[PDB]
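Here we start with a single chain on its own, the form deposited in one PDB entry, put down as structure tokens.
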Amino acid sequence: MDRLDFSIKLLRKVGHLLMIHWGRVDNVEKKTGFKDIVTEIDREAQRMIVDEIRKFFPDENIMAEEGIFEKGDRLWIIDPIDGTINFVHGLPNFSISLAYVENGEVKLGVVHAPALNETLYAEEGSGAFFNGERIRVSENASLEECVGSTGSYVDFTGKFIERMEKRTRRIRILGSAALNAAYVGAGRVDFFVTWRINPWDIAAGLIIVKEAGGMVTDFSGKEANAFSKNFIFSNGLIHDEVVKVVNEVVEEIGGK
């Protein structure tokens, strides 16, 4: 609609500002370590976005990674650069994410990977799209004919590989949370699992996976929402096959 179209055009415009600096940001800043960085372009991109929303959606709230952490029954969740590390090194797997949550419910989601010219989006009840055409998660039902994905985490990643590497065609670690969730919605991957992520990393990828007929849940298999800590995105075919392996790894390291 108005909101969806606005979001698509906004992220597509800002995407170009990011291209100016892609792989060329000399000022890398650490937030809570060397694996968790931010740059001046993350902020500039966020300002560009936040300002347009604040302009057309005057009395609505914003929750943006870099700083703005408001609350509201009408909240826009923004990730100026999902995959800042990639962005800095020059890898194409980074994106801009914009979800519009109403009453804690994701009503719209859009992910835009600039260097790839891929714009995945979904509005509630309208289905998922990719640059205008319909997308639906894969039909794959056998883990052996599946390609799953994960993000670079503590001891989780390396272990989740060990467990999965056997019953799976191949595992991917691309670099963009939002983009990886959206890829399942587009049928490119079979499932995506995250750990200790904020809502700006998954709010958009959540409605896009479900509107594309997939499944989005926490590690307990109980349907997840924008405010869940663990995330499992899947085509809804080999979901449980994954729910298990994940907890198998979680227990081994420490959990419950």
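For the two forms, the rigid core is made up of the largest set of C-alpha atoms that agree within 1.5 Å on superposition. Residues carry their position along the shown sequence, with the first being 1.
A second form of this protein, the form deposited in another entry, is not displayed here; the remarks below concern that form.
With the core held fixed by superposition, the comparison between the shown form and the other one singles out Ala226 as the only member of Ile53, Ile41, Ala226, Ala212 whose CA moves by at least 2 angstroms.
Comparing the forms between the shown form and the other one, the C-alpha position of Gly187 differs by less than 2 angstroms, with the core used for superposition. Annotation: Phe227/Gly83 CA-CA distance longer in the other form than in the displayed model, change of at least 3 Å. Between the C-alpha atoms of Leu10 and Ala226, a gap widened by no less than 3 Å is obtained in the other form, as opposed to the form on display.
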